[PDB]
Amino acid sequence: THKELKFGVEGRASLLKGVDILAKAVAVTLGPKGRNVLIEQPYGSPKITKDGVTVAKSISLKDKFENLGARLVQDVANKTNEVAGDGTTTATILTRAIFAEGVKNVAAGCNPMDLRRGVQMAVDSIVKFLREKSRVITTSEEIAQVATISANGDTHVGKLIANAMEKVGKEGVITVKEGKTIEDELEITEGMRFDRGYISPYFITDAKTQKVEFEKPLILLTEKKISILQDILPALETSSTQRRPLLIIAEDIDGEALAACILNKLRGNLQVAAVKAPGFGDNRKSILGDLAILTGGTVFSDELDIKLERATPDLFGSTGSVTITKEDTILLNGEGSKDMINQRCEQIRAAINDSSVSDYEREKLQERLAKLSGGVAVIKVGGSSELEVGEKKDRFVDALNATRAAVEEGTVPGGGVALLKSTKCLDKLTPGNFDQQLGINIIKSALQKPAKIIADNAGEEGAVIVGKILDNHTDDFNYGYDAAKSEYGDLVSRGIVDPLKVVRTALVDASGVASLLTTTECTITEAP
Amino acid sequence: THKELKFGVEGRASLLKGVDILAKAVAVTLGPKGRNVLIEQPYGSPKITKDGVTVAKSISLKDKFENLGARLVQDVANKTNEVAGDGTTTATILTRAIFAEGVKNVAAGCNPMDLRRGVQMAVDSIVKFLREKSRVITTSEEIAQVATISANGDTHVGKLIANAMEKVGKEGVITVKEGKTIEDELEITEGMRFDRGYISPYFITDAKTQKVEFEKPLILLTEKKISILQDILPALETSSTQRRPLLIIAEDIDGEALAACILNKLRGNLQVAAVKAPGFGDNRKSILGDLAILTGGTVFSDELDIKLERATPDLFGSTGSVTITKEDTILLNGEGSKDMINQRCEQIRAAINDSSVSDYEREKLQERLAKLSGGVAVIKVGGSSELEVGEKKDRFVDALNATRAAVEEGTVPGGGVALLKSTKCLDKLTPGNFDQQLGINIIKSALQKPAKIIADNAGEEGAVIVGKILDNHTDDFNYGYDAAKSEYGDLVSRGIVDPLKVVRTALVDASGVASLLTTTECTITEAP
Amino acid sequence: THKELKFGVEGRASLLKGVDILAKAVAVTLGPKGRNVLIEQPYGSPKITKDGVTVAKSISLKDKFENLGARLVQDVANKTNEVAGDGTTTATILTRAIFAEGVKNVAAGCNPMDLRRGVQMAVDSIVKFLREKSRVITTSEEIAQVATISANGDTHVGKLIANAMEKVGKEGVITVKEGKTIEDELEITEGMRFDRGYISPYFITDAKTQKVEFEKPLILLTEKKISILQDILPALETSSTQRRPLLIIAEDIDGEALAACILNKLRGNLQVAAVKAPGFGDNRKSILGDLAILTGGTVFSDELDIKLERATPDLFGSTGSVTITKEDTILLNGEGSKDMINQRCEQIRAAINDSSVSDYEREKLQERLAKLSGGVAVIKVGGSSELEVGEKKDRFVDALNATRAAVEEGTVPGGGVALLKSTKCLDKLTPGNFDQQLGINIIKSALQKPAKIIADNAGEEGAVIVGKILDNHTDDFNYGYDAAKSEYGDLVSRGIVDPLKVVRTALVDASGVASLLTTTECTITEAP
Amino acid sequence: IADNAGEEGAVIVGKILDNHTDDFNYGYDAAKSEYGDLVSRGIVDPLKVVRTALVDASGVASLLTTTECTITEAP
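- As annotated in the PDB entry, chain D carries the name glomalin and is attributed to Rhizophagus irregularis.
- The title given for this PDB entry is "Cryo-EM structure of glomalin (a group I chaperonin) from Rhizophagus irregularis BGC BJ09".

- If you look chain A up in the PDB entry, it shows as glomalin from Rhizophagus irregularis.

Take a look at the structure:
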């Protein structure tokens, strides 16, 4: 292969061009008055979108270095959106602002390392201020209000959410499924979640949300590395005879085994899924034992010298449903009897009593006790028509993910005014150098862009609105611009709030990626 | 085929362009404040690297002569990195400096041979000075301190290392493997190492480190040249029945035999590896006998008139694990009984007593006695999560390879100040010719680049820092620039030291390759 | 006006191109076997020349910077040729060699100032060695032999020269004029010379040698600044009536006065010439008084309050002839009576006795006493035909100018071997830096070019001849290559010698101009 | 050979061919950059190789000089 290399100013200029294109495309969709984006499909009607992540995921540049910069920012924005729930547009905008200002300051003849130090210090100060000014929500009424606000004023969704997380706790497992009727149902079942997803993206059966759903499947739990198909053939044949989908929870599924599973799934022979066993060490074996007890099946271990060709449908596990995502998987309504789940709980608490490790072993036993005993809250979405059920299900899922983030860290006024108000604390920092002060000024200037862009999307001039907010009413942290009504006032009173988690994650990730892009001195691509 | 030829100045100019591009790309990553390099993958997120060897391994030029020069320097840098552990960036920088200065001096009308002689004399003087000023470490406390410094201040890693090499000695075998628990384990087992690696790169199962690892495999030891598959079929079938990986230690595996092994390994039929028998002559037979005793199997020899189709799993060797690299392979936890290993040790010492050859036979018997009797220290890396275990394992491996080099020759102040201080001894050489003095001056000027580049990466001006170091404080060999803290002072007191082995190897290899490039008078490539 | 500027390497490259072209054109005419140069006239037959100065004076380049370098070297070569008599080709060759080598060494990364210092030291050492090894000629037989050698073996010319300079001394005035007969005449007359030439080049009447000759002219001596023509009209009219040429020796002839004189001279109205009065201060007045006494006229001074309109032919000076060159003018056969010239000599010696200034006034009075009393030797060239007389006159003039230079400093072996042998003393210098040593090596390499070029013009290989001369016969300063006979041997025995003055002047001027060209950092010309 | 050593081959050859005319074994030691008897220093080559090289080079050069027409294939 042959490569092309760019050094110094020209490479950073190409990266800045790519980030500029990406941020310009994504920024038009920020705010209540965000504009529309037309995305053309190879075959079919054009797509009209107001969603920032959808616009970001569909951008690819012809030039290699600009595409490299855009890809880096896209990866960081996707990661922060996955971690926090939202914040792609804000992270992209902040990345563009910080990167452009740092490029300008470096061209002016400044030291990039001191710029990085000043940016880090300013970001730490902003995060501390925001954490100090956050509003924590604890009781059920505040949770209900937050969920209602996150549901675009829907009282039913807010009431339903505040109850599921009353039943299972703030840290419990709540999931949303389609209902059989018109009214909405909330039921506590037996189930549990792991932080291991599906092995291959091709296993996705619901391409809308990139997840896999199976109703009443057969579960194969094995403490083995599977790569030859001869061991899988009896299990697959037994599954084909029963006409039921199969899920295999193993140490790892690699080699020709995964490929056989994929082609089988892609065709109509049998639909199958594969996940890795949770935990590592003896914890993995203990969790597989607990899960085999819960699912009603038996685990297969070489230490017991039992072979996979000995598999019979009696030892196969069964459950009400399984749902697999990229990160987490959740089993629902296991077929295990209550009494043995209880006794296993008794052994878990006995081991908690006996265990000597104060922190590690005790906390792991406590966590698996909670996983086995807590249960799962399921919200069955009811409606008249199918499309109504689907759209309400999506709305309920979105309103659920936001309440969790707000319950974790709190809420701060929305509209981009939290960062704008936090910019007023940066004039108290004491850098050791002239360039660190330049970096602090870079962060201070960059943290005003989201409000300017939100005002611009409304049709106004963002600079004048920001100046009006930043000039008078200096004793009101909650005072800002309501772009929906084109008014000024207390944004929290109007219900314009956003979680502290998403804004903190967006700020940190944008700052880090912008500093990394500024520090870059050489870029290598492939010759076309 | 049709070729293109370049003679004299133009060919050297193209080679210099290639070396210039390579060195410019690699130099930005040198020092604590090294910059970032963005490397674009054909599919996937861009890679951000601060590692010099990673950047060097991913550079290919479109022009043939520049690519030829870059390839030559890349090969030399890879060889010195493999031999010493590190030093790719320093070797590349020194190569570029010496080659450019030699090209300039040759263009000025000088004799390249006398330049080569002067460069050799200067390099010898520098090496002698550095060896004189090195600090040797012998006792366990200094080994622990060196390992702690090499582990970025990690006291646990330094304590663990200093003990393994206490148990097995400085020259013993120490290896690092994944653990089953949280705490770190050090265990002395039975095992041994040879200087023969795998036959074909395709045998690599761990592409991260380009090595092959097997747990409890079957070992086939034969004193034969194998090229027909009929002899391998019984062994391969017996391995397939037992579902265990196979390692064949033969005189050579060539012809269709290797190809069959490769395709079998690439597919899921069976995973296999092949290595050549260590030693040559009767030493090879004796080592194969010792290894067959250790592994619990039997060696197959035509002198005994036993055929490979007679192979039965009883004569196959078994061991706890095997690890194969490019150069060395190591067998761990052999299944041989202790008593026969002991008796074999007794025959080895008896042969030591009987052998008449004072140097050759006695030293070879002593070396194989040490190999069979010493054992292997294994460091099992414990952790909570899998990723933590992997990253700590990599850190432990890196901290291990550096302590060995320091135990071999010593340590000299880091930051590039060792070579900079050694430049002050070149003003005492007495060349016989004018051009030899020019070569000595070439080396003297070139040996200042690493410190200049380290200071430049910190954001300062390398020339001014080097001048400050080389002007005052002339009675302090350990005085230099701490780029991490942007301070001046004793670098050894701050823990900024590097092994003498790596700097000596980098200097020697860079000098040799630069002299070879300067001497080159014609270059032949292929017409596009 | 608009200018073009070149800085550093490119300007020096253009200057080197110009000097290279000039030196390449001039070098082919050096030595007994010098080649021919064809110079094309706008109208007329082409000119065939073997003369270096003629070739040098006819070179102009189209490119401005190359022409600038060529012009600088041309000016220096013309100046050294005028000062010493010859040495244009050698000076040009040495300039080219030193400049090219200095450019190469500067490109190699050396300090030009230390190069200049080393070149100066080497040149001083060479000059000292050459002065030590020179052969002084004092008696009449050696003068006759030197003049015979300088006359291409002509014994009559050598005998005639050695006698004129016997009569007037080595420092006397000897001039060559056309004769009336066949045999050659030598006559001592009254006359004297000044170091002031004609005001305007247009006054030249003999364009062959760029001089002015008048037979029996009228002399106007005035101690005044003349710029108005009303004062000149009576003198010019009196000259026109007598049909005699006019020479005006004034303090200065500027303004419209010179222009009137020029146009009058260019047309047939009257032929006139103008020179400035010799000396400055009261010395000028005393010399004008002595000259007015000698020429038979009277000086006109404002201190005597006598006006130029009062001029009458009685006060006008008359003499046998006048000859005016660029630098010197000579009056011959003055009309003053002997007795008053004698009394004036008596006042001069009386003033010598009375004067108190030991050095200044005494030496000036002595010099003007010698000028007034010594007389002038005139060599009247006799022949059969006019062309024979002219060519013999030119040969006699050339043989005269060379004997003087040899009588001044001595003679050294010719053929370029003096500098070649002097190169062997440069290996004893002790520079304080290596760059000064590089400059010494530059001079040592450059001082071999004249012998190489002389051998090349003979058809041989100059490098091999120089190596043969510089390898064996190391105890013979006079041993070299006779290119005329293509032999080896003692060059002084064969009559191949050159004056020390010309070689010293050529070396010094070439070294100085080459150092000045090397030091140049910016060049400014006019945009075409 | 002298040029590869960094010297000027013409001058070295002239020095060898000018003086020391009664020594068939006298020449330039390029390894030590010296002059002297090459056989004493062990710098010798077989007569067979030099004779074969001379004869073959002379023959092929004469054949190339005599050649009057050359035919190749059109690309």
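Structural notes on the sheet that holds strand 16 (residues 376–381) of chain B
Residue and element names in this part refer to chain B.
Okay, so step 1: A sheet is described by the order of its strands in space; here three strands give the open sequence 4-16-5, paired in mixed fashion. At either end of the open sheet lies a strand with only one pairing partner, and these are strand 4 (173–178) and strand 5 (185–189). Averaged over all pairs of adjacent strands, the angle between their axes in this sheet comes to 25°, without regard to strand direction.
Okay, so step 2: Judged from the six bridges that link them, strand 4 and strand 16 form a sheet pairing that is parallel. Across the sheet, the residue bridging to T175 is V378, located in strand 16.
Okay, so step 3: Sheet contacts for helix 7 (residues 155–167): strand 4, strand 5 and strand 16; angle to strand 5, the most-contacted strand, approximately 15°.
Okay, so step 4: Strand contacts of helix 13 (residues 386–408): strand 4 and strand 16, with the helix running at about 170° to strand 4, the strand carrying the most contacts.

Quick look at the pairing of strand 12 (residues 272–276) of chain A
All names here are of chain A.
Okay, so step 1: The buried fraction of strand 12 is high, at four of five residues.
Okay, so step 2: Relative to strand 12, strand 10 (residues 246–250) runs parallel, the two sharing five bridges. Paired with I248 across the bridge in strand 12 is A274.

Considering the nonpolar core
Okay, so step 1: Grouped together as the largest cluster of nonpolar side chains are 53 residues, with contacts concentrated most on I524 of chain A together with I59, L130, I443 and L507 of chain B.
Okay, so step 2: Counting residues per element, this core draws most heavily on helix 5 (residues 112–132) of chain B, which supplies nine residues.
Okay, so step 3: With sequence-adjacent residues up to four places away left out, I59 of chain B is seen in contact with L5 and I524 of chain A together with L22, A25 and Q74 of chain B.
Okay, so step 4: The next biggest cluster of nonpolar side chains, apart from the first, holds 49 residues, and it includes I39, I59, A418 and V503 of chain A.

A closer look at the pattern of salt bridges
Okay, so step 1: According to the stated counting rule, one finds 81 salt bridges over all chains in the structure shown.
Okay, so step 2: Between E346 of chain A and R349 of chain A there is a salt bridge; the shortest N-O distance is 3.1 Å. One end of the pair, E346 of chain A, and the other, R349 of chain A, are both in helix 11 (residues 338–354), three residues apart, so they sit about a helical turn from each other.
Okay, so step 3: For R349 of chain A, a relative accessible area of 37% translates into the label partly exposed.
Okay, so step 4: Here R368 of chain B and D290 of chain B are joined by a salt bridge, their closest N and O atoms 2.4 Å apart. A residue pair is termed long-range when its members are at least 10 positions apart, and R368 of chain B in helix 12 (residues 360–374) and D290 of chain B in helix 10 (residues 282–295) qualify at 78 residues.

Rules of the game
- Residues numbered from 1 in each chain as written, not as in the entry; some residues may be left out.
- Chains lettered and ligands numbered in written order.
- Part of a larger assembly, values for the part shown.
- Heavy atoms only, no water.
- Residues with missing side-chain atoms left out of burial classes, pairs and counts.
- Pairing = 2+ DSSP bridges.
- Helix = DSSP H or I, 4+ residues; strand = E, 2+ residues; numbered from the N terminus.
- Axes fitted to C-alpha atoms, helices over the stretch in contact; angles between N-to-C directions.
- Contact = heavy atoms within 4.5 Å.
- Buried < 20%, exposed > 50% of the residue type's maximum accessible area, 1.4 Å probe, protein only.
- Core = buried A, V, L, I, M, F, W, Y, C linked by side-chain atoms within 4.5 Å.
- Salt bridge = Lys/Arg side-chain N within 4 Å of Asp/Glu carboxyl O.

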